[PDB]
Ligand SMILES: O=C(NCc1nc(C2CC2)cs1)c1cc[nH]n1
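A lone chain, given as structure tokens: the form deposited without this ligand.
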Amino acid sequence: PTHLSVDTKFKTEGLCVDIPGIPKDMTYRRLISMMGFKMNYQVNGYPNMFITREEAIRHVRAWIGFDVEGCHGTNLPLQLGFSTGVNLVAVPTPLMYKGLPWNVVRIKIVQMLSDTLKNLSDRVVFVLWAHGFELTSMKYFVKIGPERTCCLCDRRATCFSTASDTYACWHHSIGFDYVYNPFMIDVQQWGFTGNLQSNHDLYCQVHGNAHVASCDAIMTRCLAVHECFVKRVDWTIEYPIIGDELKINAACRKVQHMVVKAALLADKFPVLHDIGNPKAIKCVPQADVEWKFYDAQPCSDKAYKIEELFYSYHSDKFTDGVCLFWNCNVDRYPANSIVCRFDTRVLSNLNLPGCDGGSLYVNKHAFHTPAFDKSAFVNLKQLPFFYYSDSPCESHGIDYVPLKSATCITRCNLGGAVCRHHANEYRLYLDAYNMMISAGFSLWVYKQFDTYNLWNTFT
């Protein structure tokens, strides 16, 4: 069972206000037919427009909440809302657009999905809290058929053009008018009691309800993210490489080693309490320090309370030496800390909008991260950029312009002139650091941290 059987039952109770008289006994096969689409017994990679929760989780980057609200059923205008915040009014003749016929509305739908999704996914998953009008409006902007490739590249087709009779992916679809072979999922099939607003507001206070279709579309995708990534966590699902994943992760390991090594050299802590990932390894294996590990999986709901991590009776004395919290999200860090905290507000192709201010960070695996909170860092300060190295000054084996920097902490810079090797190493470390920061990671340290204490390690 890889795909969702068209003969699976679909509960129609949520559809009966917009569709009175709808049969209680309904399959996906019959629903797709009621929506005006013919599947023709096609074994060509598109077995059903609807997908399983497991297939939806694997394709979370394609999620687009979609809701349709009647403004006044072929006679009345419809308000089409998307989790991008867009509201389009389609006439059958927070961005609110005036009423227009379907022939122009569909062009706008293709442009919007193509721009939102081209750098995220190879498809679209319409995330619904289905009541009827959204399912019956699909025939006005969606075409289905066999799986196809783009006319201009090797990617799968996501759009169709009636003007040219061709197919395109999200990257080559300018001027295309139809969404081709989209996927969709109805959250209301997961067994909920009560309406969308009541279930969404149980877990989220960041998204409100003005009463427009995009507010519902946003709430729908948020509730789906809460169910699939907050209350249920799956770190075994792998996600494709769409950007700088490898470089960011490599940069994070470089910055961690640099920052921890320098903290140990500058303040000579006898003990380090490493709180976080139970699979963590010593980031400074040669350091003299007593390294003690404490297990805490990435929190996906609320940040950990420091009282629960440290108290209830371990070294017991977390106040001795230094605490290292590398992506271990806590409510209030102790003063003796070295911290890497992902800033959920960051705009990138890796970071998707999440639940209750949190974000869904997708890099190899999916990690719902609780909302960034500046008050967690009141006992610390922002860690300044610096490069430290005790390695010999020797080139071995790309061109050169002399480096002058007060933040290149090396024997050669103490001696008045940065050597070529430390200049190359400094520029590469500065690049890794900038990549990490721009990806969304923030670095914080104990107030007494001073890089001036690193110069005396060259005696």
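Residue numbers here begin at 1 and follow the sequence given.
Absent from the display: the form deposited with this ligand bound. The rest refers to it.
- If you superimpose the site C-alphas and bring this ligand over from its pose in the deposited bound form, 3 or more of its atoms are within 2.4 angstroms of a backbone or C-beta atom of this form, and that means blocked.
- Remark: residue 389 does not count among the residues lining this ligand in the deposited bound form, judged by a heavy atom distance of 4.5 Å or less.
- Although the partner is absent here, residue 228 sits far enough away that none of its heavy atoms falls within 4.5 Å of this ligand in the deposited bound form.
- Taking the partner from elsewhere, residue 213 is found to have a heavy atom lying within 4.5 Å of this ligand in the deposited bound form.
- In the deposited bound form, this ligand sits beyond 4.5 Å of every heavy atom of residue 151.
- Proximity to this ligand in the deposited bound form, defined as a heavy atom within 4.5 Å, singles out one entry of 79, 199, 114, 188, which is 79.
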